[PDB]
Amino acid sequence: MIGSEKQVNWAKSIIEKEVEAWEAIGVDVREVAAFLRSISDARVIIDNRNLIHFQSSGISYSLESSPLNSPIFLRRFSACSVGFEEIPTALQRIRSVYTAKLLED
């Protein structure tokens, strides 16, 4: 990850917290975890840390309000990540299985 040691440390801590929030859903979120960990530029993570944050009110609202649903928002990661093109559909799948999970419970 490019950046100063401070920037890289901040950004990696942001990214690991985010991956943990996604993995607390209880469904396959491996495509999202992979994309988040692919981001190459600490400054891009830091500048977007509040927008990408997967909040704690409730999972449904976190899924619906995530800017990872938007190909337009994700343009900003086109030069410093892998798999951004497919991330909106990944969220579609996650929102499906989550819905199904709530139905199956």
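Residues numbered from 1 in each chain as written, not as in the entry; some residues may be left out. Heavy atoms only, no water.

- For this deposition, the record names X-ray crystallography as the technique by which the model was determined and cites 2.11 Å as its resolution.

Quick notes on the overall build of the chain
- A tally of helices and strands in the chain yields 7 helices and 0 strands.
- Starting at the N terminus and ending at the C terminus, the chain contains elements arranged as α-α-α-α-α-α-α.
- The globule rule puts the C-alpha radius of gyration for 105 residues at 13 Å, and the 14 Å found for the chain is close to it.
- Its C-alpha atoms put the chain at 45 × 25 × 20 Å along the principal axes.
- By the burial criterion, 38% of the 105 residues in the chain qualify as buried.
- Excluding contacts between residues fewer than 6 apart, the proportion of contacts in the chain whose partners are at least 24 apart in sequence is 66%.
- Each charge sign in the chain was given a centre, from 12 positive and 14 negative side chains, and these centres are 5 Å apart. (Helix = DSSP H or I, 4+ residues; strand = E, 2+ residues; numbered from the N terminus. Rg over C-alpha atoms; globule rule 2.2 N^0.38 Å. Buried < 20%, exposed > 50% of the residue type's maximum accessible area, 1.4 Å probe, protein only. Contact = heavy atoms within 4.5 Å. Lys, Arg positive; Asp, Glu negative; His and termini not counted. Charge placed at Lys NZ, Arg CZ, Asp CG, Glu CD.)

Notes on the environment of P88
- Following the sequence through the fold, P88 ends up in helix α7 (residues 87-104).
- For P88, a relative accessible area of 12% puts it in the buried group.
- Sequence spacing of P88 and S57 is 31 residues, and the spatial spacing of their C-alpha atoms is 21 Å.
- When residues no more than four places from it in sequence are discounted, the contact partners of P88 are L68, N69, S70, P71 and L74.

Side note on the side chain of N69
- Within the secondary structure layout, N69 lies in the loop between α5 (59-65) and α6 (71-74).
- At 3.4 Å, the side chain of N69 forms a polar contact with the backbone oxygen of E64.
- Polar side-chain contacts of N69 include one of 2.8 Å to the side chain of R95. (Polar contact = N/O pair within 3.5 Å; in protein donor to acceptor, adjacent residues only side chain to side chain.)

Brief notes about the packing of aromatic side chains
- Within the structure shown, the criterion is met by 3 aromatic pairs.
- With a centroid separation of 5.8 Å and an interplanar angle of 90°, the aromatic rings of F35 and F77 are classed as edge-to-face. Here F35 is found in helix α2 (residues 30-38), whereas its partner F77 is found in the loop between α6 and α7, with 42 residues between them in sequence. The burial state of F35 is the same as that of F77; both residues are buried. (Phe/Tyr/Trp six-rings, centres within 6.5 Å; stacked < 30°, edge-to-face > 60°.)

Here's the deal with the nonpolar core
- Counting 31 residues, the largest nonpolar core has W22, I25 and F77 as its most contacted members.
- Elements that contribute at least two residues to this core include exactly α1 (5-23), α2, α3 (42-47), α6 and α7.
- Counting residues per element, this core draws most heavily on α1, at 6 residues.
- When near neighbours in sequence (up to four residues on either side) are disregarded, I25 contacts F54, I59, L63, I94, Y98 and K101. (Core = buried A, V, L, I, M, F, W, Y, C linked by side-chain atoms within 4.5 Å.)

Describing the packing of α1 against α2
- Interhelical geometry of α1 versus α2 gives an angle of 175° and a closest axis separation of 10 Å. Here α1 lies roughly antiparallel to α2, going by the angle between them. Residues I15, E16, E18, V19, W22 and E23 of α1 lie in contact with α2, whose contacting residues are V32, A33, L36 and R37.
- Grouping the amino acids of the contact of α1 with α2 by side-chain chemistry returns 6 nonpolar, no polar and 4 charged. (Axes fitted to C-alpha atoms, helices over the stretch in contact; angles between N-to-C directions. Parallel < 35°, antiparallel > 145°, perpendicular 65-115°, else oblique. Nonpolar A, V, L, I, M, F, W, Y, C, P; charged D, E, K, R; others polar.)

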